[PDB]
Amino acid sequence: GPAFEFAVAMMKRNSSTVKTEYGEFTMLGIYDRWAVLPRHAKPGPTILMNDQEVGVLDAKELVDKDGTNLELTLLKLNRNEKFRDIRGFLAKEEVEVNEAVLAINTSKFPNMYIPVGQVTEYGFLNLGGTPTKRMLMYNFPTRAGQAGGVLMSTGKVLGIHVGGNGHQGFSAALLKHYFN
């Protein structure tokens, strides 16, 4: 319940629905004009954010110190409004919790919240042929179109959902140092 209340408030304050040429995704704004999308959203020079064209001034595909994919792309938007700064909800390291909620908001899944239970730091996954690290894992019946969803627990933003296989979902851990 507390995770759900936290999630609804967080989504209302910091999330949007985004379309890139590669698909439709939930997008979380972090601070200033920096937001995050799963890497496979492959944003171009402009995105559609809540049905409106928004320019992308910079983008950074995140990899670790040895170039290993982290499956996140940070984007700096050409926007006057600043995101409410939620870096205080981002952990310095991968978070494990017993009860989390995954929040999605797209035209396919509007305002939907899913209790996913326990989140575990799984670490390495080969995603489509791409070695990837810092993966958080949780179980629920996954569906296409959920990437970009926000994984949260009471007082914490844990990660961004990047993929699912059957009843297994996974998020890239959303770490504080990615935003300074």
Test for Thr17: is it assigned to a loop (DSSP other than H, G, I, E, B), of a type in the set (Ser, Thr, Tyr), over 20 Å from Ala3 (Cα atoms) and in contact (Cβ under 8 Å) with a residue 60 or more places away in the chain: no
Residue match in region 108-115 (condition: loosely packed, with under 15 Cβ neighbours inside 10 Å, part of a loop (DSSP other than H, G, I, E, B) and not assigned by CATH to the domain that holds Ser171): no
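Give the residue, chosen from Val157, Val162, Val150, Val119, that is within 13 Å of the chain's Cα centre (by Cα), β-branched (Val, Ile, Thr) and over 21 Å from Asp32 (Cα atoms). Step through it out loud before you land on a result.
Working: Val157 fails: over 21 Å from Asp32 (Cα atoms); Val150 fails: over 21 Å from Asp32 (Cα atoms); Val119 fails: within 13 Å of the chain's Cα centre (by Cα).
Going through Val157, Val162, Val150, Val119 in turn, the sole match is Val162.
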Total residues in region 58-89, condition part of a strand (DSSP E or B) and among the polar types (S, T, N, Q): 2
Criterion (buried (at least 21 other Cβ atoms within 10 Å of the Cβ) and either touching a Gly at 6+ places or on another chain (Cβ under 8 Å) or outside the structural domain of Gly29 (by CATH) (or both)) met by exactly one of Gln146, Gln118: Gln146
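What is reported rests on the model, the rules as stated and the sources as named; no laboratory read-out is quoted. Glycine also receives a Cβ, built like all others from the backbone with ideal geometry; neighbour counts cover every protein chain displayed.
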